[PDB]
Asker: 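Let me begin by handing over the structure; questions about it come next.
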Amino acid sequence: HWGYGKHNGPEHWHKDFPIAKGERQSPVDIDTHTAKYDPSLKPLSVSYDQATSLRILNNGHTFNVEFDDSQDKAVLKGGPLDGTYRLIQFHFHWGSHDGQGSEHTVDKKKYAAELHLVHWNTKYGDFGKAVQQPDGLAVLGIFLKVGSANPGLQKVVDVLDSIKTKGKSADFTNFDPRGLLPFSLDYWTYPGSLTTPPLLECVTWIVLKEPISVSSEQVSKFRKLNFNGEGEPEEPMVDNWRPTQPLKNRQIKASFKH
Ligand SMILES: [Zn+2]
């Protein structure tokens, strides 16, 4: 099936997922000089105080922290969004080396990793209905810049040893995802897609300008995960990122003035 290797990686996803070459694919490069301020955007509201984390798991592509999304315990509203978007999971993308790893780029520059907090529009009742709609999902993208250790990531790093191979999971309760947000919520937004197959064009992307920190040591712990399942051959989980795709007939809008 699909992955990030030379034969099954992003350059070949279009064979089985022809939307890979569609009008609204992600990620993209963000040109800070040409992304224009949009005064119609409303203030972005992140409400995570009651978020309920459940489990952390290795799905053979990344690791996901899963949240209870049966109620409005953790929601995103405002900004470019109409309505209420519920948090279902977050996950990361990272590189084999600190100089690469992010999916979005900023003025063609890559960060060491990128965090995605995935939310779905409650007017569709269920995540599975939402992903079929152009306004179905909102993903909050946060860059990780190597520097000082990040205390808000350490609880994640501390459990990765328990989920080294595909299919493993662990209890992961009482994690506060507010600890992964920067202090400024200044952002860029554009309409796009999931960055993994099935690459559905159902996402309102909200990419924060301010990165969060991660130590070189913390990101090296991401790289100790494996793509493979136990009893299968070893494939270190590195470089699980899709390269940037053409902007085509879209506009990237800024929440803030240059
Ligand atoms: Zn992602």
Side-chain angles (χ1 to χ4, degrees), residues 1-2 13 16-28 40-57 59-93 103-104 114-142 169 172 175 177-178 180-181 185 187-208 240 242 245 248-253 255:
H1 204 4
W2 71 268
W13 292 348
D16 296 339
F17 306 92
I19 200 67
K21 296 187 174 180
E23 295 191 274
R24 306 191 305 276
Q25 290 290 293
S26 294
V28 298
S40 74
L41 292 170
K42 306 302 177 305
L44 187 77
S45 173
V46 182
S47 300
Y48 287 169
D49 54 358
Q50 303 184 78
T52 298
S53 64
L54 300 176
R55 293 195 71 71
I56 188 170
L57 62 87
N59 75 354
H61 309 294
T62 186
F63 67 91
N64 296 331
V65 176
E66 301 288 344
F67 285 79
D68 187 329
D69 64 344
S70 72
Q71 304 183 234
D72 283 343
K73 299 179 173 89
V75 298
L76 182 67
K77 305 172 74 174
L81 305 172
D82 282 13
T84 300
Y85 286 71
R86 261 186 215 171
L87 181 64
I88 179 169
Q89 54 101 328
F90 68 77
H91 62 272
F92 300 80
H93 304 271
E103 295 211 307
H104 294 86
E114 188 170 327
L115 162 66
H116 290 162
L117 296 114
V118 180
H119 313 73
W120 58 275
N121 190 334
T122 58
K123 81 177 157 162
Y124 298 118
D126 186 282
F127 177 87
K129 179 88 182 297
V131 293
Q132 300 174 334
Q133 323 289 334
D135 65 341
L137 303 192
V139 180
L140 180 61
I142 303 178
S169 66
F172 199 68
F175 183 77
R178 294 174 301 165
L180 302 176
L181 310 180
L185 304 176
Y187 63 88
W188 301 283
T189 181
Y190 72 99
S193 77
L194 302 177
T195 69
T196 58
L199 298 167
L200 297 171
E201 296 177 341
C202 61
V203 182
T204 301
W205 278 95
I206 299 169
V207 178
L208 300 187
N240 57 347
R242 189 193 194 187
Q245 307 297 309
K248 292 188 179 181
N249 287 10
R250 293 178 285 180
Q251 289 192 134
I252 302 176
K253 292 160 165 294
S255 75

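One is the number of the first residue; the rest follow in order along the sequence. Just the heavy atoms: all of them, side chains too, but no hydrogens, waters or symmetry mates, feed the values below.
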Asker: Could you tell me which non-hydrogen atom of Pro80 sits nearest to which non-hydrogen atom of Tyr187, and how far apart they are?
Answerer: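 In this case the closest contact between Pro80 and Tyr187 is CD-OH, 3.6 Å.
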
Asker: Assess the residue pair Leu76 and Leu117 against the criterion (side chain to side chain contact (heavy atoms under 4.5 Å, CB included)); give the C-alpha distance rounded to whole Å, side-chain angles, the decisive distance to 0.1 Å, and a yes or no.
Answerer: CA-CA 10 Å; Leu76 182 67; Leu117 296 114; over 6 Å; no

Asker: Rounded to the nearest 0.5 Å, what separation is found between the CD atom of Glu114 and the CG atom of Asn240?
Answerer: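 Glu114 CD to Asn240 CG: 11.0 Å, rounded to 0.5 Å.
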
Asker: By ring pair (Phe, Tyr, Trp, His ring centres under 6.0 Å), which residues pair with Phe63, not counting sequence neighbours?
Answerer: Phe92, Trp94, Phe222

Asker: Apply side-chain hydrogen bond (donor to acceptor under 3.5 Å, both in side chains) to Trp188 and list each qualifying residue two or more places apart in sequence or on a separate chain.
Answerer: none

Asker: Tell me the side chain to side chain donor-acceptor pair (under 3.5 Å) pairs involving residues 194-205, sequence neighbours left out?
Answerer: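 Counting only pairs at least two positions apart or across chains, the side chain to side chain donor-acceptor pair (under 3.5 Å) contacts touching residues 194-205 are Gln25-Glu201, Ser26-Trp205, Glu103-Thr195.
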
Asker: Show every salt bridge (charged side-chain N to carboxylate O under 4.0 Å, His left out) that has at least one partner inside residues 73-84, sequence neighbours left out.
Answerer: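 Output for this query lists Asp68-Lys73.
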
Asker: Let me see the working for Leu199 and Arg242 under side chain to side chain contact (heavy atoms under 4.5 Å, CB included), right down to the final yes or no.
Answerer: CA-CA 11 Å; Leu199 298 167; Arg242 189 193 194 187; 3.6 Å; yes

Asker: Taking only residues two or more places apart in sequence or in another chain, which ones pass salt bridge (charged side-chain N to carboxylate O under 4.0 Å, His left out) with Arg250?
Answerer: none

Asker: Name all pairs fulfilling the salt bridge (charged side-chain N to carboxylate O under 4.0 Å, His left out) condition that reach into residues 40-55, sequence neighbours left out, sorted by first residue then second.
Answerer: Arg55-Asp171

Asker: Suppose we screen for side-chain hydrogen bond (donor to acceptor under 3.5 Å, both in side chains). Which residues come up paired with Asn121, at least two apart in sequence or across chains?
Answerer: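 Scan of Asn121 (side-chain hydrogen bond (donor to acceptor under 3.5 Å, both in side chains), adjacent residues dropped) gives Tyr85.
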
Asker: Using the test side chain to side chain contact (heavy atoms under 4.5 Å, CB included), find all partners of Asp69 that sit at least two apart in sequence or belong to another chain.
Answerer: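 Partners of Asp69 under the side chain to side chain contact (heavy atoms under 4.5 Å, CB included) test: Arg86, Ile88, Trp120.
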
Asker: Kindly compute the distance separating CG (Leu180) from CZ (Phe90), expressed to the nearest 0.5 Å.
Answerer: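 Between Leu180 CG and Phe90 CZ, I get 5.0 Å after rounding to 0.5 Å.
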
Asker: Would a 4.5 Å heavy-atom cut-off, applied to side chains only, mark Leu208 and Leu140 as touching?
Answerer: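 Touching, per the 4.5 Å side-chain cut-off.
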
Asker: Sequence neighbours excluded, which residues qualify as ring pair (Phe, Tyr, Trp, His ring centres under 6.0 Å) partners of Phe17?
Answerer: none

Asker: Of all heavy-atom pairs between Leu57 and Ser169, which one has the smallest distance, and what is that distance?
Answerer: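 In this case the closest contact between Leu57 and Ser169 is CB-CB, 3.7 Å.
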
Asker: Taking C-beta and beyond as the side chain, do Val207 and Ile252 meet within less than 4.5 Å on heavy atoms?
Answerer: no

Asker: State the CH2-NZ distance between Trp13 and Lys21, to the nearest 0.5 angstrom.
Answerer: 14.0 Å

Asker: Report yes or no: does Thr189 contribute a side-chain atom to a donor-acceptor pair with the main-chain N or O of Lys253 at less than 3.5 Å?
Answerer: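 Checking the backbone N and O of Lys253 against the side chain of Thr189, no donor-acceptor pair under 3.5 Å is found.
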
Asker: Look at the rings of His119 and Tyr48 and say which category their plane angle falls in: under 30° parallel, 30 to 60° tilted, over 60° perpendicular.
Answerer: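 Because their plane-to-plane angle is under 30°, the rings of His119 and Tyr48 count as parallel.
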
Asker: Mind checking the CD-OG spacing from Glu23 to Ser193? Nearest 0.5 Å is all I need.
Answerer: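 Answer rounded to 0.5 Å: 12.0 Å.
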
Asker: Please list every donor-acceptor pair under 3.5 Å in which a side-chain atom of residues 127-139 meets a protein atom from a residue at least two apart or in another chain.
Answerer:
{"unit_1": "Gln133", "atom_1": "NE2", "unit_2": "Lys129", "atom_2": "O", "d": "3.2"}
{"unit_1": "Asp135", "atom_1": "OD1", "unit_2": "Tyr124", "atom_2": "OH", "d": "2.6"}
{"unit_1": "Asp135", "atom_1": "OD2", "unit_2": "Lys123", "atom_2": "NZ", "d": "2.9"}

Asker: Give the intermediate values and the outcome of side chain to side chain contact (heavy atoms under 4.5 Å, CB included) for residues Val203 and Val118.
Answerer: CA-CA 9 Å; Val203 182; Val118 180; over 6 Å; no

Asker: What do the steps show when you test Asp16 against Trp2 for side chain to side chain contact (heavy atoms under 4.5 Å, CB included), and what is the final call?
Answerer: CA-CA 9 Å; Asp16 296 339; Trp2 71 268; over 6 Å; no

Asker: Measure from the side-chain N and O atoms of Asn64 to the backbone N and O of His91, and report whether any donor-acceptor pair falls under 3.5 Å.
Answerer: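 Here the side-chain-to-backbone pair does not exist.
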
Asker: Can you tell me how far CD1 of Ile142 sits from CG of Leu181, rounded to the nearest 0.5 angstrom?
Answerer: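 With rounding to 0.5 Å, CG (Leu181) is 5.0 Å from CD1 (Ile142).
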
Asker: Could you tell me the separation between the CD atom of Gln89 and the CG atom of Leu87, rounded to the nearest 0.5 Å?
Answerer: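 Going from CD on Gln89 over to CG on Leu87, the span is 8.0 Å.
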
